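Visitor: so I've got this experimental structure, pasted below with the sequence.
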Amino acid sequence: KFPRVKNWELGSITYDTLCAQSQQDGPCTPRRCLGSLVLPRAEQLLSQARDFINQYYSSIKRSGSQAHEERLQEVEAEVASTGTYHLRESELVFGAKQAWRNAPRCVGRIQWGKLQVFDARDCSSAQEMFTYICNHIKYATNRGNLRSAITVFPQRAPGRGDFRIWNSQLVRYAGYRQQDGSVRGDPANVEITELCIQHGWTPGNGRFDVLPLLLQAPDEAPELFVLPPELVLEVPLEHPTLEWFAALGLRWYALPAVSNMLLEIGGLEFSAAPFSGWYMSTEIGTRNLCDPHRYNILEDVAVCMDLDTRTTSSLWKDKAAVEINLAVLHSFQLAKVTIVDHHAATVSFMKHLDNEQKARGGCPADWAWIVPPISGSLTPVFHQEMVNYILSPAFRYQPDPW
Amino acid sequence: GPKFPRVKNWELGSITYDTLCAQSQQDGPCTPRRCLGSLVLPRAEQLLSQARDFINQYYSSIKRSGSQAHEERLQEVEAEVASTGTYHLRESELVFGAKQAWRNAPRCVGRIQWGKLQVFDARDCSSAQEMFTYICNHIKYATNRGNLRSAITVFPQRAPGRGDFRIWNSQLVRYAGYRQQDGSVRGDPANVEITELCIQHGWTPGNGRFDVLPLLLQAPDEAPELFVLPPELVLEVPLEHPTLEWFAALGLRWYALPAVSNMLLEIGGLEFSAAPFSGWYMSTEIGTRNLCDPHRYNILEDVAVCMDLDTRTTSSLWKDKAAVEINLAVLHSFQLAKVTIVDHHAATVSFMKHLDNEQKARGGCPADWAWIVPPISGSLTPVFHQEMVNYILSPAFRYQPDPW
Ligand code: HEM
Ligand code: HEM
Ligand SMILES: C[C@H](O)[C@H](O)[C@H]1CNc2nc(N)[nH]c(=O)c2N1
Ligand SMILES: C[C@H](O)[C@H](O)[C@H]1CNc2nc(N)[nH]c(=O)c2N1
Ligand SMILES: N=C(NCCC[C@H](N)CNCCN)N[N+](=O)[O-]
Ligand SMILES: N=C(NCCC[C@H](N)CNCCN)N[N+](=O)[O-]
Ligand SMILES: [Zn+2]
C-alpha cells in the first residue's frame, strides 16, 4: 500500500504516504505500466470544493475555526443554488501554488513557494486578456531577472465557451511549412503559425519570427494580437570559445510561459491560466535546438566543429550537444538573464523531495520527465526512485480549441 | 478506437496499439492510484496452467497448435506433474524458452539479437566442480577472442525439497571491492559484499582496483566451493583515449564479457536458479555507469581535472564534458582491441528496428523506458521519443534473493 522509495546512490529509503491522498486515477494498471506516455488517453463538485477549502484552512493553521466553517457553508450555499461557486483571492493564490507544487513533471518546484499570482478573473474581452497577458510578461521578465508568475483568467462555466489562449506558450517562433514539405523556423509551431495566418497575420520568413497571440473570449472567434517587440526579451546565442558559433545566428526567448494548460482548483477549472518561471538550459539547448523534429541543428554544429559525423561511435552527437547547451548557459549568463543548468536544477529538486518528505510524507514525480534529456545518470535524480500520482489542485492538459 | 494501449512516437508522429500485453499473466507494481515505474526492485494446480501455457507457446512457435504432438505433450506434462509434482522440458523446448525469456526482457535494449542465442544445456551437471567447467566453457565460447557471441548456460532446475544450484556472484566476471580502514573502497564499491564473502570462504584477497573476483559456486545442499578463473579466459581491455594521451595513463580497464549470473530463468513454471547468460556491452554501461556513477568507480572528477575543466561550478558542464570523453574512450579502446561493443546510438537504433519487427510479430514489445534510454545523450537517441508499454511476459528472467 505504501511505496518504498530508494535512492540507489546513497542507500536512503522513504515511504510515500502522500500518494494515499490521490483522488484521481492514472494510466497504469497492475497488468501494464503506461507511465512513459505523454498524454492521457453537484455532489461531485461539492466534494472537490469541501476538500480544497479544508486544504486552505489547514494551510493557514485554522481548521475547524469559525472562518473555516462559515466558508464551508458559503460554498455549500453557492453550489446548491447555482450549481457552482467561486474562489476568494487568497484561496486562488493558495490553489495556484499548490497546483505547481503537485506538478509531477516540474523540476523547479523548490520554488513553489514564491509565485506572484494575478487575479484576472474580471476579464471580459480578448483585448482585456491581451492587456493582462502583456503585464504578466513585463513583470515576469523583469529586465532579465525573471520572477515566477501566473495570471488566472475567468473559470469555465456551464454552457459557455472557455476563455483560451490558442498559443502553446506566450512566446513561440513561427513554423512555415515551405514548398518541399520541409519547415522554416520552429517545426512544433507549424500548425499554430498557420491558424494565425488564417486569421489575418502578415507572416515573416525568418527562423525566429515571434508569433502573434491568438486570444479567445467565450463563444467568439479568436482575435489576433501582436506582442510589443520590447516586451519579448531574446537572448542571442554564442559560445565561450567557439568564435564561429555566433555566426549561426541562433537565439531564444527568455520567458517560458505555458498557456495551454488548464488549472483545476477545488473542482473549478481555469482554461486560461498562463504561468512562467524560468528556463532550464537543457530545454533550449537539448530539446528545442537538437530534437530531430525541432530546429535539429545537431549536424550543423557538428560539421562546424569538424566532427566525424561519418559514424555514431565518434560520438559527434554527444559532443555537439554539450557545446550547444554550454552556449545557451553562457549566452543567458552574459545577457544577464535567469537560467538554470540541469545540475543545479536537479540538486535543488533533491532538496525539494526532502522538504516534501518531511512536510507531506512524499512528493509525486515523473521520473522520465525529471531526468534531463542529456547526462541523465550524471544527475542525482537519475538514481532516485519516484512515485507518480495525481494530487489536486493540479495543472492538466486540455483539448486544443479548434 | 482499439481498446488496447495506444503508443506514440513523438519524433515520426507514428502510432500503434499494443495488443501483446493482453498476454501478460503476472501483475506489475502499478495501480490506477500510483505509478511505480521508476522502481528498480518492486516487490501444482498453478504449475500446470503455467506449463500448459508454455507448451502452447512452444507448439504455436513451430506452427502445430492443436496437433497430435501438441495435445500429446500436454498430456505428458500433466501426467508427470501428477505423479512427481514437477516435470522436465525437452531440449528444443528449452532453447525456445531461453530465447523467449530474453525476447520478453523489458530492460534489455539488445533484444534485436534475441533470435541469435546459443543455448548450452547443462541440466545434467551435478557437482560444483562441474559447474566450473561449464562456466569456463561458456566464457571461452562467448568471448571467442573478442568476437563475442550471445550465450546462456542452463543448470538444473529447482527441485522440491532439494537445494538450488546457484552462483553467488552477480556476474561471472566482477572486480573486487575492498572496504578500507579510512572508510573508502578500493576497487568497485558495487562488489564489497561479494568480496567479504569470498574471503569468509577462503579466497586470498589482493589489493588493486581491478582484481578479478573468484567464483562462488553452490551445488544442491552444500556450502559454495571457491573457484578462481584462469587469467587466460578472462579477456580485458585497457582503456585509452584517441586524442587525450594522458587518459591511457589512468590505468583504467574493463572486461569484455558481461555475464549476468544471479538471475532466475523461469520457463513454463520451472525455475532455473542458475542459468548465466551473456551478450556484449553497450558503451554507456562501462563508460557512464560503472566508471562515472557516484557509487561506483566515480572517476568523473579525476578525468575532469585532467582536462583542465572548472570543477568549481556545475554550470561549466564539466561532468557532461568528461563523461563524453570517458565514453569515447571505452568505445575507442574496445574497437582498438577488436572486442565487440555497441554504442548507445547504434544500440538504440536497432531497438527501434526491434520494436517495429515485434509490432508485426506479436503486436507489441514490453519495454522499460527508464532502462532503455541511455544514461547519457538520452533525447539524442530515438528511444527517448518512443512511448513504451511495460509488462511481464513468461518465459522471463527474474531477480532472485541472494542465497545468503
Ligand atoms: C521557476 C523555475 C522553473 C523551472 C526551472 C521549471 C522547469 C520545468 C521543466 C524543465 C519542466 C519540463 C518542461 C518540458 O520538458 O517541456 C517543467 C514542467 C512543468 N512546470 Fe515548471 N519550472 C519552473 C516554474 C514553474 C512554474 C512557475 C509553474 C507553475 C506555476 C510550473 C509548472 C510546471 C508544469 C505544470 C509542468 C508540466 C508541464 C507539462 O506537462 O508539459 N513550473 N518545469
Ligand atoms: C546481445 C547483446 C546485448 C546487449 C548489447 C544488451 C544490452 C543490455 C543493456 C544495455 C542492459 C542494461 C544494463 C544495465 O543497465 O545494468 C541489458 C539488460 C538486460 N539484458 Fe541485455 N543485452 C544483450 C544480451 C543479453 C542476453 C544474451 C540476455 C539474455 C539471454 C539479455 C538479458 C537481459 C536482461 C534480463 C536484462 C535486464 C537485467 C536487469 O534487470 O538488470 N541481454 N541488456
Ligand atoms: C516518450 C517520452 O515519454 C517523452 O519523450 C518524454 C520523456 N521525458 C521528457 N522530459 C521532459 N522534461 N520533457 C518531455 O517533453 C519529455 N518527453
Ligand atoms: C532510480 C532509477 O530507477 C534507477 O537509477 C534506474 C534508471 N534507469 C536505469 N537504466 C538502466 N539501463 N540501468 C539502471 O541501472 C538504471 N537505473
Ligand atoms: N520551464 C518551463 N517549461 C514548460 C514549457 C515547455 C512545454 N510547453 C511543456 N508542455 C509540452 C511538452 N510535451 N516552464 N516554466 O514555467 O519555467
Ligand atoms: N549488457 C549486459 N549488462 C548486464 C548488467 C546488469 C546488472 N547485472 C544489474 N544492474 C545493477 C543493479 N540494478 N548484459 N549482457 O548480457 O550483455
Ligand atoms: Zn506505471
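Guide: Here it is on my side, so go on. Residues are numbered from 1 along each chain as shown, chains lettered A, B, ... in the order given. Ligands and ions are numbered 1, 2, ... in the order given.
Visitor: CA only for contacts and neighbour counts going forward, please
Guide: Fine.
Visitor: nearest to ligand 1: which residue in the stretch 251-400 of chain A?
Guide: With C-alpha to the nearest ligand atom, the shortest gap between the stretch 251-400 of chain A and ligand 1 falls at residue A:277, namely 3.7 Å.
Visitor: name the nearest residue to that residue, ignoring sequence neighbours.
Guide: Once flanking residues are discounted, residue A:277 sits nearest to residue A:148: 3.9 Å by C-alpha to C-alpha, 6 or more residues apart in numbering or on different chains.
Visitor: please report phi then psi for the one you found.
Guide: Here is the backbone geometry of residue A:148 (degrees, to the nearest 10): phi -70, psi 140.
Visitor: quick check, it in contact with residue A:140.
Guide: Yes - using C-alpha atoms under 8 Å, residue A:148 makes contact with residue A:140 at a distance of 6.1 Å.
Visitor: looking at these two, which is more packed in?
Guide: residue A:140 (25 against 22; other C-alpha atoms under 10 Å in any protein chain shown).
Visitor: ok, and for whichever strand or helix holds that one, which residues are buried?
Guide: Using DSSP states H and E, residue A:140 maps to helix A:126-141. For helix A:126-141, burial by neighbour count (16 or more other C-alpha atoms under 10 Å in any protein chain shown) applies to A:126, A:127, A:129, A:130, A:132, A:133, A:134, A:136, A:137, A:139, A:140, A:141.
Visitor: tell me the contacts of the fifth one?
Guide: Contacts were defined as C-alpha atoms under 8 Å, 6 or more residues apart in numbering or on different chains; by that measure residue A:132 touches A:120, A:151.
Visitor: the stretch 251-400 of chain A: strands as residue ranges?
Guide: Per DSSP state E, counting those that start in this stretch, the stretch 251-400 of chain A carries strands over the ranges A:251-253, A:257-258, A:262-265, A:268-270, A:275-276, A:394-396.
Visitor: closest one to residue A:8 among these?
Guide: strand A:394-396 (29.4 Å; C-alpha to C-alpha).
Visitor: how many neighbours does residue A:396 have?
Guide: Applying other C-alpha under 10 Å, we find 18 residues neighbouring residue A:396.
Visitor: and what of residue A:88?
Guide: Neighbour count for residue A:88, taken as other C-alpha under 10 Å: 9.
Visitor: still on that earlier bit, TSV for the buried residues of helix A:126-141, including distance to residue A:52?
Guide: Shown next, in TSV, are the buried residues of helix A:126-141 (distance: C-alpha to C-alpha, whole Å):
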residue	distance to residue A:52
A:126	30
A:127	32
A:129	27
A:130	30
A:132	27
A:133	27
A:134	30
A:136	26
A:137	29
A:139	29
A:140	28
A:141	31
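Visitor: which ones among these also lie next to ligand 2?
Guide: Filtering those for proximity to ligand 2 by C-alpha under 6 Å from any ligand atom leaves nothing.
Visitor: closest one of those residues to ligand 4?
Guide: residue A:140 (34.4 Å).
Visitor: is it true that the closest one touches residue A:134?
Guide: No - in this structure residue A:140 lies outside contact range of residue A:134 using C-alpha under 8 Å: 9.9 Å.
Visitor: contacts for stretch A:49-61?
Guide: Around stretch A:49-61, the neighbours that count as contacts under C-alpha under 8 Å, 6+ apart are A:63, A:68, A:71, A:72, A:75, A:91, A:94, A:95, A:265, A:266, A:267, A:393.
Visitor: switch the cut-off to 10 Å
Guide: A:43, A:45-48, A:62-65, A:67-69, A:71-73, A:75-76, A:79, A:84-87, A:90-95, A:98, A:265-268, A:392-393 (C-alpha atoms under 10 Å, 6 or more residues apart in numbering or on different chains).
Visitor: mind checking which of these are in strands?
Guide: A:265, A:268 (DSSP state E).
Visitor: which residue lies nearest the spatial centre of chain A?
Guide: residue A:258 (5.0 Å; C-alpha atoms, centre = their mean).
Visitor: contacts only, for it.
Guide: Residue A:258 makes contacts with A:150, A:165, A:167-171, A:272-277, as judged by C-alpha under 10 Å, 6+ apart.
Visitor: list the contacts of residue A:230.
Guide: Applying C-alpha under 10 Å, 6+ apart to residue A:230 gives the contacts residue A:138.
Visitor: check contacts around the residue of the stretch 1-150 of chain A found nearest ligand 7.
Guide: Nearest to ligand 7 in the stretch 1-150 of chain A, going by C-alpha to the ion, is residue A:33, at a distance of 3.8 Å. Contacts for residue A:33 (C-alpha under 10 Å, 6+ apart) come out as A:26-27, B:5, B:28-32, B:35-37, B:366-368, B:388-391.
Visitor: can you check residue A:111 too?
Guide: Residue A:111 touches A:97, A:100, A:101, A:148, A:277, A:348, A:349, A:352, counting by C-alpha under 10 Å, 6+ apart.
Visitor: ok, the residues you listed vs ligand 6, which is closest?
Guide: Of those, the one sitting nearest to ligand 6 (C-alpha to the nearest ligand atom) turns out to be residue A:349, at 22.8 Å.
Visitor: what is the neighbour count of that closest one?
Guide: 21.
Visitor: that one touches residue A:105, doesn't it?
Guide: No - judged on C-alpha atoms under 10 Å, residue A:349 makes no contact with residue A:105 at a distance of 11.3 Å.
Visitor: mind listing the shared neighbours of those two?
Guide: By C-alpha under 10 Å, 6+ apart, residue A:349 and residue A:105 have these common neighbours: residue A:370.
Visitor: the residue nearest to the centre of chain A bridge partners, please.
Guide: In this entry, residue A:258 is beta-bridged to residue A:169, residue A:275, by DSSP bridges.
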